[PDB]
Amino acid sequence: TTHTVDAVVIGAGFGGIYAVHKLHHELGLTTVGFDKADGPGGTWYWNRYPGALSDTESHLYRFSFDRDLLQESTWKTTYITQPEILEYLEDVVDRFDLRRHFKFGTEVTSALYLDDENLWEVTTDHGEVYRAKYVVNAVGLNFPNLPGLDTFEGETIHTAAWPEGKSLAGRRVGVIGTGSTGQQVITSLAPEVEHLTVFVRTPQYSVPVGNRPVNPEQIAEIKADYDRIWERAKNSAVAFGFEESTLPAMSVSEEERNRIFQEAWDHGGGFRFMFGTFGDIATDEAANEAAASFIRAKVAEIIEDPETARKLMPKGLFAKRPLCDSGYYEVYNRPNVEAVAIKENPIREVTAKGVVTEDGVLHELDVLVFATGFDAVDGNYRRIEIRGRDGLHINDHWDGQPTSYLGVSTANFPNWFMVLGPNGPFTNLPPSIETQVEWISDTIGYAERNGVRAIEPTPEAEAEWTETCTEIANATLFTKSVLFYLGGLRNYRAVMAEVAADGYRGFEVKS
Ligand SMILES: Cc1cc2nc3c(=O)[nH]c(=O)nc-3n(C[C@H](O)[C@H](O)[C@H](O)COP(=O)(O)OP(=O)(O)OC[C@H]3O[C@@H](n4cnc5c(N)ncnc54)[C@H](O)[C@@H]3O)c2cc1C
Ligand SMILES: NC(=O)c1ccc[n+]([C@@H]2O[C@H](COP(=O)([O-])OP(=O)(O)OC[C@H]3O[C@@H](n4cnc5c(N)ncnc54)[C@H](OP(=O)(O)O)[C@@H]3O)[C@@H](O)[C@H]2O)c1
């Protein structure tokens with residue numbers, strides 16, 4: 001059974017929800033949405049592990065496009081939890097009636113271009129087939145081979161498939177992984193579990209998030225100033241709601257530096273620490289080191305036991321998405337929390353009763369939690385039968401690193417777009433999702449008005465875009481993995497407006 005539509009939107013997180021709203025309400029296109037999830041919410045649908053929390057502040061982790069909605073939504077704390085965000089995204093879907101454009105619990109399994117007809121032939125896992133003029137892919141994004149893993153008699157849980165309402169209260173838990181998800185899950189588990197063992201491979205740099213109850217209504221004061229808030233964020237590099245400093249770290253005294261660091265520490269927020277204090281933490285070695293040493297002193301001060309402190313001490317460049325936490329380091333002071341540094345004491349095997357390390361101790365567990373991420377990020381592209389012009393498979397097109405033109409498109413796949421594809425901005429992401437979806441929507445409307453049959457980037461333009469992302473990246477310390485565009489949102493937005501205004505420079509446009 002075969003349906004013919006104007007647009008397919010794959011995914012129902014922030015990106016897919018807005019794409020469907022744009023393509024249907026603005027453009028008047030027959031548009032169908034899909035998601036494996038049973039509901040909208042995307043990453044916030046799947047991720048229900050304890051202590052799930054935004055690193056963007058509450059008032060800015062949301063859409064900006066609707067003024068009334070912005071005046072309507074509420075929240076409890078300065079930062080927003082998974083249940084609050086998910087119910088927000090459910091409210092967005094209800095607000096604009098997008099529910100009836102979505103097929104939930106429905107996986108897209110093939111998207112094939114039809115060269116002679118100029119259409120995409122897209123099929124689900126219930127064998128329905130959609131013939132579409134445009135595809136918008138807002139698809140978003142790992143089990144450590146551990147010997148004897150399935151010998152384990154307790155529960156094994158990955159962070160990304162946390163069984164609904166499962167509590168670990170009163171259990172013996174092991175946590176493997178100390179990324180953003182690891183730290184949250186660890187801070188949240190420490191108070192409730194009978195015992196907790198963390199297996200840390202790379203300890204990370206992390207600052208206080210400063211997640212505070214919000215004042216009766218000084219939600220009101222932000223709501224009264226929302227147009228300015230969003231205009232500023234749109235006109236900044238990372239759109240996290242503070243002035244991004246230009247002040248070189250090493251051009252003030254030791255005591256001013258410490259003072260400025262301390263005030264960011266106490267206010268909290270990860271990007272604020274990296275980009276709100278000074279302007280060169282990411283591009284100058286001594287500045288980076290200075291921010292690095294500050295955090296390490298914090299760690300040395302907070303963790304009382306010298307040996308525990310040592311295992312948790314972050315080292316090297318403070319040059320990965322700045323982490324922020326709700327008392328992560330302090331957790332290691334509790335008598336039922338234990339850290340194992342697996343670089344120096346590797347995991348030997350898992351057995352019925354728990355994890356055995358190379359020192360030959362059995363860490364008896366009831367539950368093993370993997371906060372170990374997913375294998376790949378481009379996997380929602382690589383796992384689908386996606387074929388563009390001349391039957392060229394996406395995996396063969398991206399025979400190396402995945403590429404894009406402008407973060408939203410790629411050679412050989414006409415009328416096929418990406419929300420947060422490779423080589424795109426690195427930012428508080430909803431305002432970048434909006435930028436991309438707005439532009440993709442503008443583009444699709446343009447094609448409709450102008451009897452365009454196919455639009456796709458040139459290999460030159462795409463390759464020039466990669467060179468552009470690689471130049472900007474090489475100026476930063478984040479080099480020394482995937483290539484973001486690191487010019488910031490303002491720059492990115494100008495790049496996008498310019499391309500559209502200059503009549504889609506870099507794109508081949510068949511009519
Ligand atoms: C715990 C956590 C906290 C985060 N907090 C922040 C934050 O504070 N600030 C920030 O800027 N970013 C944050 N992020 C990143 C987050 O990914 C983005 O902010 C944004 O929510 C992603 O939206 P999305 O629409 O691009 O992708 P997603 O939300 O991942 O949605 C993609 C959808 O694609 C679906 N899908 C994939 N393939 C198929 C297919 N073949 N068929 C059907 N459906 C498919 C998936 O099921 C998923 O529902 C966080 C991420 C995590 C994991
Ligand atoms: N969308 C994008 O463009 C983009 C770009 C970059 C990153 N991301 C990531 O998406 C992630 C969400 O997932 P997450 O935080 O749960 O995972 P994560 O950031 O990949 O971190 C996984 C943690 O588990 C550890 N780990 C991984 N494999 C291990 C193993 N085999 N044995 C022991 N430890 C292991 C890692 O340690 P090590 O540090 O030693 O490996 C790390 O501490 C974000 O954290 C974000 O960084 C997205």
Side-chain angles (χ1 to χ4, degrees), residues 8-19 33-35 37 39-49 51-58 60-61 79-82 85 89 102-111 122 124-125 137-146 158-160 175-185 198-204 209 238-240 270-271 321 323-324 342-343 346-347 370-373 377-381 384-386 418-433 436-437 478 481-484:
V8 165
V9 169
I10 316 169
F14 277 96
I17 295 172
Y18 194 35
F34 304 88
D35 203 312
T43 216
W44 301 99
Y45 168 96
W46 302 107
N47 288 106
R48 328 230 177 166
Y49 69 78
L53 204 82
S54 62
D55 59 355
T56 295
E57 290 196 326
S58 287
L60 281 161
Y61 194 63
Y79 285 83
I80 183 154
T81 60
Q82 185 266 150
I85 305 166
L89 286 176
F102 280 97
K103 260 93 174 98
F104 290 115
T106 290
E107 203 189 338
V108 165
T109 63
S110 84
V122 166
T124 68
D125 61 350
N137 307 97
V139 296
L141 24 89
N142 190 31
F143 276 135
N145 193 35
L146 296 180
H158 187 288
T159 250
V175 172
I176 305 185
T178 66
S180 208
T181 287
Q183 290 190 347
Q184 284 170 183
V185 104
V198 185
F199 301 85
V200 43
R201 195 168 68 187
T202 310
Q204 291 202 212
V209 56
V238 297
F240 276 98
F271 283 78
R321 191 181 225 253
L323 262 36
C324 41
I342 60 155
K343 281 201 199 94
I347 292 191
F370 286 87
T372 44
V377 309
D378 39 80
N380 295 309
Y381 289 94
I384 306 179
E385 170 74 357
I386 318 183
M418 297 188 281
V419 176
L420 301 180
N423 305 158
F426 177 84
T427 246
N428 165 31
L429 294 174
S432 288
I433 290 162
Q436 290 182 163
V437 164
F478 301 109
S481 71
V482 290
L483 236 191
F484 288 90

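First listed ligand is number 1; within each ligand, the first listed atom is number 1. One-based numbering along the sequence shown.
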For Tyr49, the ring-ring contact (aromatic ring centres under 6.0 Å, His included) test, sequence neighbours excluded, returns none
Handout entry: Geometric N/O contact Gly15 with ligand 1, under 3.5 angstrom
Key = yes
Paired with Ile433, the side chain to side chain contact (heavy atoms under 4.5 Å, CB included) test is passed by just one of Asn428, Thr427, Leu420, namely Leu420
(Q) So, regarding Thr372 and ligand 2 (criterion: nitrogen or oxygen to nitrogen or oxygen, under 3.5 Å), is there a contact or not? (A) no
Filtering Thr202, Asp378, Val185, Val175 for the heavy atom nearest atom 39 (O) of ligand 2 leaves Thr202
Counting heavy atoms under 4.0 Å, the part of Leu141 that contacts ligand 2 is side chain
Note: ligand 1 atoms sitting under 4.0 Å from heavy atoms of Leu420 are 26 (O)
Review point. Should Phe14 and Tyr61 be marked as a ring pair (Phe, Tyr, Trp, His ring centres under 6.0 Å) after you check the CA-CA gap, both sets of side-chain angles, and the distance that decides it?
Key: CA-CA 10 Å; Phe14 277 96; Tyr61 194 63; 5.2 Å; yes
Margin query: Below the 3.5 angstrom mark, is there an N/O of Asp55, backbone or side chain, next to an N/O of ligand 1?
Written below: yes
Any heavy atom of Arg321 sitting closer than 4.0 Å to ligand 1? yes
Any heavy atom of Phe199 under 4.0 Å from ligand 2? The part involved is neither
For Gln204, is at least one N or O under 3.5 Å away from an N or O on ligand 2?
-> no
Logged contact type for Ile176 with ligand 2, heavy-atom cut-off 4.0 Å, is side chain
Restricting to heavy atoms, the pick from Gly421, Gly179, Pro144 nearest atom 19 (O) of ligand 2 would be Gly179
Short version for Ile342: what comes under 4.0 Å of ligand 2, heavy atoms counted, is side chain
